[PDB]
$ cat query.tsv   # TSV, C-alpha atoms and all ligand atoms
chain	number	residue	atom	x	y	z
B	1	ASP	CA	0.88	16.81	-18.13
B	2	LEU	CA	2.62	15.68	-14.95
B	3	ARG	CA	4.08	12.15	-14.96
B	4	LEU	CA	3.52	9.53	-12.24
B	5	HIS	CA	6.37	8.13	-10.11
B	6	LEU	CA	5.65	5.45	-7.51
B	7	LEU	CA	7.83	5.73	-4.42
B	8	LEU	CA	11.06	3.71	-4.53
B	9	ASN	CA	10.64	3.03	-0.81
B	10	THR	CA	7.74	0.60	-1.15
B	11	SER	CA	7.31	0.50	2.65
B	12	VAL	CA	5.64	3.95	2.43
B	13	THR	CA	2.15	2.98	1.31
B	14	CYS	CA	-1.42	4.01	0.61
B	15	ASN	CA	-4.17	2.63	2.89
B	16	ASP	CA	-4.24	-0.84	1.27
B	17	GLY	CA	-0.45	-1.34	1.18
B	18	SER	CA	0.06	-0.33	-2.45
B	19	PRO	CA	2.93	2.15	-2.99
B	20	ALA	CA	2.23	5.85	-2.67
B	21	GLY	CA	3.65	8.28	-5.23
B	22	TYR	CA	3.69	11.71	-6.88
B	23	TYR	CA	3.14	13.34	-10.30
B	24	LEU	CA	6.02	15.53	-11.59
B	25	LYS	CA	6.65	18.08	-14.36
B	26	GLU	CA	10.17	19.53	-14.19
B	27	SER	CA	11.15	23.06	-15.29
B	28	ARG	CA	14.95	23.09	-15.53
B	29	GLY	CA	15.05	26.88	-15.90
B	30	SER	CA	13.47	27.39	-12.46
B	31	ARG	CA	14.58	27.01	-8.83
B	32	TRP	CA	9.18	23.99	-6.47
B	33	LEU	CA	5.43	23.64	-5.84
B	34	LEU	CA	4.27	20.51	-3.97
B	35	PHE	CA	0.46	20.24	-3.85
B	36	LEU	CA	-1.49	18.02	-1.40
B	37	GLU	CA	-4.83	16.66	-2.67
B	38	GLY	CA	-7.89	16.59	-0.39
B	39	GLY	CA	-10.92	14.37	0.07
B	40	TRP	CA	-12.28	14.06	3.66
B	41	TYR	CA	-10.99	11.11	5.77
B	42	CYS	CA	-12.09	7.91	7.55
B	43	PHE	CA	-11.76	7.14	11.27
B	44	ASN	CA	-12.70	3.49	12.04
B	45	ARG	CA	-12.76	0.09	10.35
B	46	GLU	CA	-16.39	0.30	9.22
B	47	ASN	CA	-16.30	3.70	7.54
B	48	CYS	CA	-12.87	3.01	6.01
B	49	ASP	CA	-14.30	-0.21	4.51
B	50	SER	CA	-17.13	1.83	2.95
B	51	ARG	CA	-14.62	4.32	1.49
B	52	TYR	CA	-12.60	1.45	-0.01
B	53	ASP	CA	-15.70	0.34	-1.90
B	54	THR	CA	-16.67	3.57	-3.65
B	55	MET	CA	-13.72	6.02	-3.18
B	56	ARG	CA	-10.84	3.62	-3.79
B	57	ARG	CA	-8.49	5.97	-5.68
B	58	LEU	CA	-8.27	7.81	-2.31
B	59	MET	CA	-7.09	4.56	-0.65
B	60	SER	CA	-4.92	2.82	-3.28
B	61	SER	CA	-2.56	3.47	-6.20
B	62	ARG	CA	-3.62	0.32	-8.09
B	63	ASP	CA	-5.81	2.25	-10.57
B	64	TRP	CA	-3.93	5.58	-10.85
B	65	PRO	CA	-3.33	6.88	-14.40
B	66	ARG	CA	0.16	7.48	-15.76
B	67	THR	CA	-0.38	11.23	-16.22
B	68	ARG	CA	-2.38	14.16	-14.82
B	69	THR	CA	-3.07	17.58	-16.38
B	70	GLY	CA	-1.85	20.53	-14.31
B	71	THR	CA	-4.61	23.08	-13.67
B	72	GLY	CA	-4.83	26.39	-11.85
B	73	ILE	CA	-1.68	27.02	-9.80
B	74	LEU	CA	-0.29	23.74	-11.27
B	75	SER	CA	-0.68	24.99	-14.88
B	76	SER	CA	2.45	25.89	-16.89
B	77	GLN	CA	0.56	28.43	-19.08
B	78	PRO	CA	0.89	32.10	-18.03
B	79	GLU	CA	-2.68	32.86	-19.11
B	80	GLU	CA	-4.01	30.26	-16.65
B	81	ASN	CA	-1.34	30.73	-13.92
B	82	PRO	CA	0.00	34.31	-13.67
B	83	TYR	CA	1.69	33.46	-10.36
B	84	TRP	CA	4.10	30.50	-10.83
B	85	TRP	CA	3.70	29.20	-14.42
B	86	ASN	CA	7.45	28.45	-14.80
B	87	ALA	CA	7.87	26.44	-11.57
B	88	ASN	CA	8.61	22.75	-11.09
B	89	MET	CA	5.16	21.20	-10.48
B	90	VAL	CA	4.33	18.28	-8.14
B	91	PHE	CA	0.90	16.73	-7.38
B	92	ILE	CA	0.87	14.33	-4.40
B	93	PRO	CA	-2.27	12.13	-4.43
B	94	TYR	CA	-4.15	11.69	-1.15
B	95	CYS	CA	-4.35	7.94	-0.48
B	96	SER	CA	-3.96	7.81	3.33
B	97	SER	CA	-7.43	9.07	4.54
B	98	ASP	CA	-5.80	10.69	7.61
B	99	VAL	CA	-5.67	14.48	6.84
B	100	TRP	CA	-1.96	13.86	6.06
B	101	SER	CA	-1.21	13.18	9.77
B	102	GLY	CA	-0.62	9.44	10.02
B	103	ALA	CA	2.49	7.43	10.80
B	104	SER	CA	1.23	3.83	11.09
B	105	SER	CA	1.93	0.85	8.81
B	106	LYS	CA	-0.39	-1.98	7.86
B	107	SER	CA	0.32	-4.94	10.13
B	108	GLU	CA	-1.27	-8.04	11.61
B	109	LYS	CA	-3.16	-5.73	14.02
B	110	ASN	CA	-3.92	-2.96	11.49
B	111	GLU	CA	-6.11	-3.60	8.42
B	112	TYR	CA	-5.07	-0.26	6.86
B	113	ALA	CA	-1.89	1.81	6.73
B	114	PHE	CA	-2.15	5.52	7.63
B	115	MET	CA	1.13	7.10	6.46
B	116	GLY	CA	0.30	10.64	5.25
B	117	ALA	CA	3.03	12.40	7.26
B	118	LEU	CA	5.63	9.87	6.06
B	119	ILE	CA	4.45	10.07	2.43
B	120	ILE	CA	5.26	13.81	2.38
B	121	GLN	CA	8.71	13.16	3.92
B	122	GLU	CA	9.53	10.44	1.36
B	123	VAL	CA	8.38	12.51	-1.65
B	124	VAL	CA	10.68	15.33	-0.50
B	125	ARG	CA	13.61	12.93	-0.07
B	126	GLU	CA	13.25	11.33	-3.51
B	127	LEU	CA	12.79	14.73	-5.19
B	128	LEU	CA	16.10	16.02	-3.82
B	129	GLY	CA	17.79	13.64	-6.28
B	130	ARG	CA	15.71	14.97	-9.20
B	131	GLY	CA	16.53	18.66	-8.84
B	132	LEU	CA	15.04	19.84	-5.54
B	133	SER	CA	18.58	20.04	-4.07
B	134	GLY	CA	19.06	23.24	-6.10
B	135	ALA	CA	15.78	24.93	-5.12
B	136	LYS	CA	15.48	28.43	-3.67
B	137	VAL	CA	11.83	28.11	-2.54
B	138	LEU	CA	9.68	25.04	-1.75
B	139	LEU	CA	5.98	26.00	-1.52
B	140	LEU	CA	3.91	23.26	0.17
B	141	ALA	CA	0.31	23.88	-0.98
B	142	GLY	CA	-2.94	21.96	-0.54
B	143	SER	CA	-6.78	22.09	-0.79
B	144	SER	CA	-9.43	20.94	1.77
B	145	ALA	CA	-7.88	18.05	3.79
B	146	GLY	CA	-4.68	18.96	1.92
B	147	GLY	CA	-4.90	22.53	3.20
B	148	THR	CA	-5.13	21.29	6.78
B	149	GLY	CA	-2.26	18.97	5.80
B	150	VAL	CA	-0.10	22.01	4.97
B	151	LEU	CA	-0.69	23.42	8.46
B	152	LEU	CA	0.26	20.06	10.03
B	153	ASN	CA	3.39	19.39	7.92
B	154	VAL	CA	5.07	22.63	6.69
B	155	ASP	CA	7.40	23.00	9.73
B	156	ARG	CA	8.34	19.30	9.57
B	157	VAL	CA	9.48	19.69	5.94
B	158	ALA	CA	11.55	22.71	6.97
B	159	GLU	CA	13.17	20.69	9.78
B	160	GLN	CA	13.76	17.73	7.43
B	161	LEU	CA	15.67	19.86	4.92
B	162	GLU	CA	17.73	21.55	7.65
B	163	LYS	CA	18.77	18.21	9.19
B	164	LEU	CA	19.65	16.85	5.74
B	165	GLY	CA	21.98	19.80	5.10
B	166	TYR	CA	19.94	22.13	2.83
B	167	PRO	CA	19.62	25.30	4.95
B	168	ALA	CA	19.24	27.57	1.89
B	169	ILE	CA	15.89	26.17	0.67
B	170	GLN	CA	13.11	28.47	1.94
B	171	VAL	CA	10.06	26.37	2.90
B	172	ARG	CA	6.65	28.12	2.83
B	173	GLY	CA	3.01	26.99	3.02
B	174	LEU	CA	-0.22	27.74	1.12
B	175	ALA	CA	-3.36	26.41	2.89
B	176	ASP	CA	-6.55	26.51	0.72
B	177	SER	CA	-9.95	25.67	2.31
B	178	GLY	CA	-8.35	23.99	5.33
B	179	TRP	CA	-9.12	26.62	8.03
B	180	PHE	CA	-12.12	25.44	10.07
B	181	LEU	CA	-13.95	26.51	13.23
B	182	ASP	CA	-14.93	24.02	15.97
B	183	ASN	CA	-18.19	25.94	16.47
B	184	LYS	CA	-21.72	25.08	17.60
B	185	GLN	CA	-23.80	23.34	14.94
B	186	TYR	CA	-27.02	24.88	13.58
B	187	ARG	CA	-28.83	21.56	14.15
B	188	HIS	CA	-27.63	18.51	16.07
B	189	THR	CA	-14.71	16.90	17.20
B	190	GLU	CA	-15.13	13.35	18.46
B	191	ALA	CA	-14.39	11.92	15.00
B	192	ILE	CA	-11.04	13.73	14.93
B	193	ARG	CA	-10.17	12.52	18.42
B	194	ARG	CA	-11.00	8.93	17.44
B	195	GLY	CA	-9.28	9.31	14.07
B	196	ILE	CA	-6.00	10.49	15.59
B	197	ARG	CA	-5.87	7.37	17.78
B	198	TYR	CA	-6.77	5.11	14.81
B	199	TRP	CA	-4.06	6.67	12.58
B	200	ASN	CA	-1.29	7.20	15.15
B	201	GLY	CA	-1.62	10.79	13.98
B	202	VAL	CA	1.14	13.36	14.54
B	203	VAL	CA	0.80	17.13	14.99
B	204	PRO	CA	3.43	19.91	15.05
B	205	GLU	CA	5.59	19.75	18.15
B	206	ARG	CA	5.04	23.25	19.58
B	207	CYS	CA	1.26	22.83	19.27
B	208	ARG	CA	1.46	19.33	20.80
B	209	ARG	CA	3.37	20.77	23.78
B	210	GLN	CA	0.69	23.44	24.37
B	211	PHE	CA	-2.36	21.14	24.35
B	212	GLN	CA	-0.64	17.91	25.62
B	213	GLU	CA	-1.76	14.28	25.57
B	214	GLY	CA	-5.35	13.53	24.57
B	215	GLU	CA	-5.88	17.06	23.24
B	216	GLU	CA	-3.86	16.89	19.99
B	217	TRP	CA	-7.13	17.21	18.00
B	218	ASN	CA	-6.93	20.96	18.74
B	219	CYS	CA	-3.97	21.28	16.34
B	220	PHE	CA	-6.21	20.35	13.37
B	221	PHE	CA	-7.97	23.75	13.70
B	222	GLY	CA	-6.14	26.56	11.90
B	223	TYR	CA	-6.70	29.34	14.43
B	224	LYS	CA	-5.08	27.15	17.14
B	225	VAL	CA	-2.15	25.64	15.19
B	226	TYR	CA	-1.17	28.67	13.04
B	227	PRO	CA	0.32	30.79	15.90
B	228	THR	CA	2.74	27.94	16.72
B	229	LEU	CA	4.23	27.71	13.18
B	230	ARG	CA	7.59	29.20	12.18
B	231	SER	CA	7.39	28.87	8.37
B	232	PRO	CA	5.54	31.61	6.43
B	233	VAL	CA	1.98	30.43	5.60
B	234	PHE	CA	-0.55	32.11	3.27
B	235	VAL	CA	-4.18	31.23	4.18
B	236	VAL	CA	-6.96	31.07	1.54
B	237	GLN	CA	-10.44	30.52	3.05
B	238	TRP	CA	-13.97	31.24	1.83
B	239	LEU	CA	-15.92	32.98	4.60
B	240	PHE	CA	-18.90	30.62	4.09
B	241	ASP	CA	-17.08	27.39	3.29
B	242	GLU	CA	-19.39	24.59	2.08
B	243	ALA	CA	-17.56	21.87	4.03
B	244	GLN	CA	-17.82	23.95	7.22
B	245	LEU	CA	-21.54	24.40	6.62
B	246	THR	CA	-22.06	20.67	5.92
B	247	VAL	CA	-20.54	19.72	9.28
B	248	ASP	CA	-22.66	22.51	10.86
B	249	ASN	CA	-25.83	20.86	9.36
B	250	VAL	CA	-26.71	23.90	7.21
B	251	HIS	CA	-28.30	23.43	3.77
B	252	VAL	CA	-33.89	31.94	4.99
B	253	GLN	CA	-35.53	32.90	8.28
B	254	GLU	CA	-34.11	34.92	11.17
B	255	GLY	CA	-32.45	32.08	13.10
B	256	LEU	CA	-30.44	30.81	10.13
B	257	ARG	CA	-29.67	34.37	8.95
B	258	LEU	CA	-28.09	35.19	12.32
B	259	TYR	CA	-26.22	31.84	12.34
B	260	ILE	CA	-24.70	32.50	8.90
B	261	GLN	CA	-23.77	36.10	9.70
B	262	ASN	CA	-22.13	35.00	12.97
B	263	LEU	CA	-20.06	32.33	11.17
B	264	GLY	CA	-18.66	34.90	8.74
B	265	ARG	CA	-17.83	37.32	11.56
B	266	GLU	CA	-16.08	34.60	13.60
B	267	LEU	CA	-14.00	33.51	10.60
B	268	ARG	CA	-13.06	37.15	9.88
B	269	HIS	CA	-11.98	37.51	13.52
B	270	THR	CA	-9.67	34.47	13.39
B	271	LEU	CA	-7.87	35.98	10.35
B	272	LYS	CA	-7.47	39.53	11.72
B	273	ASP	CA	-3.83	38.87	12.70
B	274	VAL	CA	-2.89	36.60	9.78
B	275	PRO	CA	-0.81	38.92	7.55
B	276	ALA	CA	-0.90	36.75	4.38
B	277	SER	CA	-4.49	35.73	3.68
B	278	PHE	CA	-7.28	35.84	1.07
B	279	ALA	CA	-10.84	35.37	2.37
B	280	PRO	CA	-13.76	36.26	0.07
B	281	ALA	CA	-17.40	36.43	1.14
B	282	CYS	CA	-18.61	33.48	-0.97
B	283	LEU	CA	-20.32	30.12	-0.54
B	284	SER	CA	-17.80	27.73	-2.17
B	285	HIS	CA	-15.08	25.12	-1.45
B	286	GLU	CA	-11.46	24.92	-2.77
B	287	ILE	CA	-9.92	27.17	-5.45
B	288	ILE	CA	-6.18	27.03	-6.17
B	289	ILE	CA	-6.17	24.19	-8.75
B	290	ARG	CA	-9.42	25.31	-10.42
B	291	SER	CA	-8.79	26.66	-13.92
B	292	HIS	CA	-10.78	29.86	-13.26
B	293	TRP	CA	-9.00	30.65	-9.98
B	294	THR	CA	-7.90	33.94	-11.60
B	295	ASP	CA	-11.44	35.38	-11.55
B	296	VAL	CA	-12.18	36.11	-7.89
B	297	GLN	CA	-11.06	39.39	-6.33
B	298	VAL	CA	-11.08	41.02	-2.89
B	299	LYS	CA	-10.86	44.84	-2.71
B	300	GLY	CA	-9.85	44.78	-6.40
B	301	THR	CA	-6.96	42.27	-6.06
B	302	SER	CA	-6.98	38.72	-7.48
B	303	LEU	CA	-5.57	35.65	-5.71
B	304	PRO	CA	-2.61	35.24	-8.17
B	305	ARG	CA	-1.74	38.91	-7.57
B	306	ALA	CA	-1.94	38.52	-3.77
B	307	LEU	CA	0.44	35.53	-3.94
B	308	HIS	CA	2.85	37.52	-6.13
B	309	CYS	CA	2.76	40.35	-3.56
B	310	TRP	CA	3.49	37.75	-0.84
B	311	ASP	CA	6.61	36.67	-2.79
B	312	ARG	CA	7.76	40.31	-2.89
B	313	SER	CA	7.16	40.78	0.85
B	314	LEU	CA	9.47	37.82	1.58
B	315	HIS	CA	12.44	39.36	-0.26
B	316	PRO	CA	3.83	47.10	3.26
B	317	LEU	CA	3.98	47.43	-0.52
B	318	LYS	CA	2.39	50.23	-2.55
B	319	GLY	CA	-0.55	48.82	-4.49
B	320	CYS	CA	0.48	45.20	-3.76
B	321	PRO	CA	-1.52	43.92	-0.76
B	322	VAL	CA	-1.07	40.58	1.02
B	323	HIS	CA	-3.89	40.65	3.65
B	324	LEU	CA	-7.28	40.61	1.88
B	325	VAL	CA	-10.44	39.83	3.88
B	326	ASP	CA	-13.99	40.78	2.85
B	327	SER	CA	-16.07	42.77	5.36
B	328	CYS	CA	-19.52	42.37	3.78
B	329	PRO	CA	-21.61	39.91	5.80
B	330	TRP	CA	-23.57	37.60	3.38
B	331	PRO	CA	-22.59	35.02	0.71
B	332	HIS	CA	-22.09	36.64	-2.74
B	333	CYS	CA	-21.96	40.21	-1.40
B	334	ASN	CA	-18.68	40.09	-3.34
B	335	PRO	CA	-19.66	40.32	-7.04
B	336	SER	CA	-16.67	38.23	-8.18
B	337	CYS	CA	-17.77	35.07	-6.33
B	338	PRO	CA	-17.97	31.84	-8.36
B	339	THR	CA	-21.41	31.43	-9.90
B	401	LIG	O1	-14.09	18.76	12.59
B	401	LIG	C1	-14.84	19.79	12.03
B	401	LIG	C2	-14.67	20.12	10.69
B	401	LIG	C3	-13.66	19.31	9.78
B	401	LIG	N1	-12.40	18.92	10.48
B	401	LIG	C4	-11.82	17.90	9.70
B	401	LIG	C5	-10.38	17.57	10.09
B	401	LIG	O2	-9.56	18.73	10.28
B	401	LIG	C6	-10.16	19.81	10.98
B	401	LIG	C7	-11.58	20.10	10.52
B	401	LIG	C8	-15.41	21.17	10.09
B	401	LIG	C9	-16.33	21.89	10.88
B	401	LIG	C10	-16.50	21.55	12.26
B	401	LIG	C11	-17.45	22.28	13.07
B	401	LIG	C12	-17.63	21.97	14.40
B	401	LIG	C13	-16.87	20.93	15.00
B	401	LIG	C14	-15.95	20.21	14.20
B	401	LIG	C15	-15.78	20.53	12.84
B	402	LIG	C1	11.48	3.53	4.00
B	402	LIG	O1	10.51	4.21	4.81
B	402	LIG	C2	10.42	3.73	6.16
B	402	LIG	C3	9.30	4.51	6.82
B	402	LIG	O2	9.56	5.90	6.80
B	402	LIG	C4	11.77	3.92	6.86
B	402	LIG	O3	11.69	3.36	8.16
B	402	LIG	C5	12.88	3.25	6.06
B	402	LIG	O4	14.14	3.58	6.63
B	402	LIG	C6	12.87	3.72	4.61
B	402	LIG	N1	13.88	3.02	3.83
B	402	LIG	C7	15.03	3.57	3.46
B	402	LIG	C8	15.95	2.70	2.66
B	402	LIG	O5	15.32	4.73	3.75
$ encode --input "query.tsv" --output "C-alpha cells"
Amino acid sequence: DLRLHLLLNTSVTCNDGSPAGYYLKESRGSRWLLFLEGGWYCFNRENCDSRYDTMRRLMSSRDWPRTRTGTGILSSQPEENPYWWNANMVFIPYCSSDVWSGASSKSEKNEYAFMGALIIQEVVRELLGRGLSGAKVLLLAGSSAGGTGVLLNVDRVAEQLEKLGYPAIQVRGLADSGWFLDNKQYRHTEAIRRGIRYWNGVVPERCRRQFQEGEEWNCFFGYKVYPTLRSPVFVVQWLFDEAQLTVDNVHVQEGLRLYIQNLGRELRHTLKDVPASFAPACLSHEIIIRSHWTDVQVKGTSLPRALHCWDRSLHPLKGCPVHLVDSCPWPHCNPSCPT
C-alpha cells in the first residue's frame, strides 16, 4: 500500500480546484520511481463538463482513497517486480486532463485548471524533503497519457533538480503506451492543437524551437519529440496499440489487412534508432503496472529483464539486450502476447 499526501501548495490543483497529490511508499534502504497515471484528456468546455460527470476521479481529488496497492513495476514483492522491488514508490494521479502539459490556473475566465506540468514539479519539490534529496536515480515512468507525459516532462525534471542544486541525481524516463503516429485513418490532430491552446500547454524547449509557434502539437508525437531529449528514455510500445487503432477508426479483408500490416511496419521504423525499447507484436494497451507484466517476451527476453539490462548499460552486453522489437507482421504472431 502507498499512502496519499495532498500537496502542501494548495495553489497547484486538479481540474476543479481541489488539491492535487501523490501516493508514497518509502524504502529507506534504497536510493525513486515516480509513475504518471493515464486516462485520455479533454479539450473544450463541453467535453470537459461531460468528463466531470462520469470520470470525476480524473478531474478532482475530493473522492480519492487514502491508500492504493502497488502493482507491476510499483509492487514491492520480488516475485511480481523482478526489476525494482526495493525502490521508493510514487503514484501520481492524473487529475488535469491535459496529457500532463498544462500550466493554467482556474480563474474568473477559466472554468477549469490545467496544471499537469506544474503538478509534476511540485511533487518533486515536496519529495526532496522526504528522502529524494539522497537519491541516485529518479525514474519518471507513465502509461498511456502518462507515457506521453514522460516524453513531455523528463528533461524539465532534470533541469529542475540541477537548478535546485542536486546535480548527482540521474533523471531517466520510461514511456509505456505513449508513442503514437499521426497517420491516415482507416475510415474518416486538431483536438491536440485546440487542447494546447485551452490548457496553456507547454512542450520541451528544444522541440518547441524546432516547430515554432502554432506547431507545438508536433511535440506530442514520440518520433518527433524523442530526438530532442537529453535524458535517457526507455520506450515500451505495442506494435498494434488499441488506442492508436481507436483513433484510426479500426475495430479481415484485404484493405484492412494491408492497413494493419502498414501500421506495424511504420511503428517498427520509428523505433529503429531508439536504443532502449520494447515493442511486441500484440493488440493491447498499457503494461508496466499490470500484475502480469512479467509474462510477455520479445526474442526470449522479458520486459523486467530488458529494464535491468538498461540499468547495466547506464553504468552492448552479452545476453542482456536493451533494444527489443518484434519483426513478425500481425497481432499475436508473438506467442507471449496477453490473451
Ligand atoms: O492524436 C492522435 C492520437 C492520440 N494523441 C493524444 C495526445 O498525445 C499524442 C497522441 C492517436 C492516434 C492518432 C492518429 C492520427 C492522428 C492523431 C492521433
Ligand atoms: C505554489 O505553486 C505556484 C504555482 O507553481 C507557485 O507560483 C508558488 O510560488 C508556489 N508556492 C510556494 C510557497 O512555493
$ axis_aligned_box --input "query.tsv" --around "region 36-54 of chain B" --padding-each-side "6 Å" --output "JSON"
{"center_x": -9.3, "center_y": 8.9, "center_z": 4.2, "size_x": 27.6, "size_y": 30.2, "size_z": 27.7}
$ residues_around --input "query.tsv" --residues "region 172-176 of chain B" --least-positions-apart "3" --cutoff "8 Å" --atoms "all atoms listed in the file" --output "PyMOL selection string"
chain B and resi 137-144+146-148+150-151+154+179+231-237+286-288
$ closest_atom_pairs --input "query.tsv" --of "chain B" --to "ligand LIG 401 (chain B)" --cutoff "6 Å" --atoms "only C-alpha atoms and all ligand atoms" --output "Markdown table"
| residue | atom | partner | partner_atom | distance |
| --- | --- | --- | --- | --- |
| B:180 | CA | B:LIG401 | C7 | 5.4 |
| B:181 | CA | B:LIG401 | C11 | 5.5 |
| B:182 | CA | B:LIG401 | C12 | 3.7 |
| B:183 | CA | B:LIG401 | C12 | 4.5 |
| B:189 | CA | B:LIG401 | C14 | 4.6 |
| B:220 | CA | B:LIG401 | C6 | 4.6 |
| B:221 | CA | B:LIG401 | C6 | 5.3 |
| B:244 | CA | B:LIG401 | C9 | 4.5 |
| B:247 | CA | B:LIG401 | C9 | 5.0 |
| B:248 | CA | B:LIG401 | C11 | 5.7 |
$ residues_near_ligand --input "query.tsv" --ligand "ligand LIG 402 (chain B)" --cutoff "10 Å" --atoms "only C-alpha atoms and all ligand atoms" --output "JSON, numbers by chain"
{"B": [7, 8, 9, 10, 11, 12, 13, 103, 104, 105, 115, 117, 118, 119, 121, 122, 125]}
$ write_last_selection --input "query.tsv" --atoms "C-alpha atoms" --output "PDB file, in the coordinates of the input"
ATOM      1  CA  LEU B   7       7.830   5.730  -4.420  1.00  0.00           C
ATOM      2  CA  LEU B   8      11.060   3.710  -4.530  1.00  0.00           C
ATOM      3  CA  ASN B   9      10.640   3.030  -0.810  1.00  0.00           C
ATOM      4  CA  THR B  10       7.740   0.600  -1.150  1.00  0.00           C
ATOM      5  CA  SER B  11       7.310   0.500   2.650  1.00  0.00           C
ATOM      6  CA  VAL B  12       5.640   3.950   2.430  1.00  0.00           C
ATOM      7  CA  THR B  13       2.150   2.980   1.310  1.00  0.00           C
ATOM      8  CA  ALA B 103       2.490   7.430  10.800  1.00  0.00           C
ATOM      9  CA  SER B 104       1.230   3.830  11.090  1.00  0.00           C
ATOM     10  CA  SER B 105       1.930   0.850   8.810  1.00  0.00           C
ATOM     11  CA  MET B 115       1.130   7.100   6.460  1.00  0.00           C
ATOM     12  CA  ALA B 117       3.030  12.400   7.260  1.00  0.00           C
ATOM     13  CA  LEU B 118       5.630   9.870   6.060  1.00  0.00           C
ATOM     14  CA  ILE B 119       4.450  10.070   2.430  1.00  0.00           C
ATOM     15  CA  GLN B 121       8.710  13.160   3.920  1.00  0.00           C
ATOM     16  CA  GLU B 122       9.530  10.440   1.360  1.00  0.00           C
ATOM     17  CA  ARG B 125      13.610  12.930  -0.070  1.00  0.00           C
TER      18      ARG B 125
END
$ closest_residue --input "query.tsv" --among "B:243, B:260, B:42, B:325" --to "residue 196 (chain B)" --atoms "all atoms listed in the file"
B:42
$ closest_residue --input "query.tsv" --among "B:274, B:191, B:59, B:127" --to "residue 227 (chain B)" --atoms "all atoms listed in the file"
B:274
$ atom_distance --input "query.tsv" --atom1 "CA of residue 67 (chain B)" --atom2 "CA of residue 308 (chain B)"
28.3 Å
$ closest_atom_pairs --input "query.tsv" --of "region 221-282 of chain B" --to "region 301-305 of chain B" --cutoff "10 Å" --atoms "all atoms listed in the file" --output "Markdown table"
| residue | atom | partner | partner_atom | distance |
| --- | --- | --- | --- | --- |
| B:236 | CA | B:303 | CA | 8.7 |
| B:277 | CA | B:303 | CA | 9.5 |
| B:278 | CA | B:303 | CA | 7.0 |
| B:279 | CA | B:303 | CA | 9.7 |
$ closest_residue --input "query.tsv" --among "B:338, B:129, B:38, B:280" --to "residue 324 (chain B)" --atoms "all atoms listed in the file"
B:280
$ residues_near_point --input "query.tsv" --point "(7.0, 22.8, 12.4)" --cutoff "10 Å" --atoms "only C-alpha atoms" --output "list in words"
residues 151, 152, 153, 154, 155, 156, 157, 158, 159, 160, 203, 204, 205, 206, 207, 225, 228, 229, 230 and 231 of chain B
$ closest_residue --input "query.tsv" --among "B:267, B:120, B:276, B:89" --to "residue 312 (chain B)" --atoms "only C-alpha atoms"
B:276
$ closest_residue --input "query.tsv" --among "B:195, B:21, B:300, B:65" --to "residue 124 (chain B)" --atoms "all atoms listed in the file"
B:21
$ build_atoms --input "query.tsv" --residues "region 59-72 of chain B" --atoms "N, CA and C atoms" --output "PDB file, in the frame of the given file"
ATOM      1  N   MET B  59      -7.583   5.560  -1.586  1.00  0.00           N
ATOM      2  CA  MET B  59      -7.090   4.560  -0.650  1.00  0.00           C
ATOM      3  C   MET B  59      -6.048   3.625  -1.246  1.00  0.00           C
ATOM      4  N   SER B  60      -5.670   3.808  -2.513  1.00  0.00           N
ATOM      5  CA  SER B  60      -4.920   2.820  -3.280  1.00  0.00           C
ATOM      6  C   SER B  60      -4.347   3.476  -4.531  1.00  0.00           C
ATOM      7  N   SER B  61      -3.156   3.026  -4.946  1.00  0.00           N
ATOM      8  CA  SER B  61      -2.560   3.470  -6.200  1.00  0.00           C
ATOM      9  C   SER B  61      -2.768   2.475  -7.340  1.00  0.00           C
ATOM     10  N   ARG B  62      -3.522   1.395  -7.103  1.00  0.00           N
ATOM     11  CA  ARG B  62      -3.620   0.320  -8.090  1.00  0.00           C
ATOM     12  C   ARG B  62      -4.215   0.794  -9.410  1.00  0.00           C
ATOM     13  N   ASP B  63      -5.098   1.797  -9.383  1.00  0.00           N
ATOM     14  CA  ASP B  63      -5.810   2.250 -10.570  1.00  0.00           C
ATOM     15  C   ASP B  63      -5.427   3.671 -11.002  1.00  0.00           C
ATOM     16  N   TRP B  64      -4.335   4.228 -10.472  1.00  0.00           N
ATOM     17  CA  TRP B  64      -3.930   5.580 -10.850  1.00  0.00           C
ATOM     18  C   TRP B  64      -3.505   5.625 -12.325  1.00  0.00           C
ATOM     19  N   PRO B  65      -3.807   6.712 -13.027  1.00  0.00           N
ATOM     20  CA  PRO B  65      -3.330   6.880 -14.400  1.00  0.00           C
ATOM     21  C   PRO B  65      -1.874   7.341 -14.445  1.00  0.00           C
ATOM     22  N   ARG B  66      -1.256   7.151 -15.615  1.00  0.00           N
ATOM     23  CA  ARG B  66       0.160   7.480 -15.760  1.00  0.00           C
ATOM     24  C   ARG B  66       0.421   8.976 -15.806  1.00  0.00           C
ATOM     25  N   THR B  67      -0.573   9.791 -16.159  1.00  0.00           N
ATOM     26  CA  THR B  67      -0.380  11.230 -16.220  1.00  0.00           C
ATOM     27  C   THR B  67      -1.587  11.942 -15.618  1.00  0.00           C
ATOM     28  N   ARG B  68      -1.371  13.222 -15.296  1.00  0.00           N
ATOM     29  CA  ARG B  68      -2.380  14.160 -14.820  1.00  0.00           C
ATOM     30  C   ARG B  68      -2.133  15.514 -15.486  1.00  0.00           C
ATOM     31  N   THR B  69      -3.205  16.227 -15.840  1.00  0.00           N
ATOM     32  CA  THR B  69      -3.070  17.580 -16.380  1.00  0.00           C
ATOM     33  C   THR B  69      -2.981  18.599 -15.252  1.00  0.00           C
ATOM     34  N   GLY B  70      -1.986  19.486 -15.321  1.00  0.00           N
ATOM     35  CA  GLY B  70      -1.850  20.530 -14.310  1.00  0.00           C
ATOM     36  C   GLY B  70      -2.821  21.676 -14.580  1.00  0.00           C
ATOM     37  N   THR B  71      -3.578  22.062 -13.546  1.00  0.00           N
ATOM     38  CA  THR B  71      -4.610  23.080 -13.670  1.00  0.00           C
ATOM     39  C   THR B  71      -4.440  24.117 -12.576  1.00  0.00           C
ATOM     40  N   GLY B  72      -4.929  25.329 -12.842  1.00  0.00           N
ATOM     41  CA  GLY B  72      -4.830  26.390 -11.850  1.00  0.00           C
ATOM     42  C   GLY B  72      -3.383  26.725 -11.529  1.00  0.00           C
TER      43      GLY B  72
END
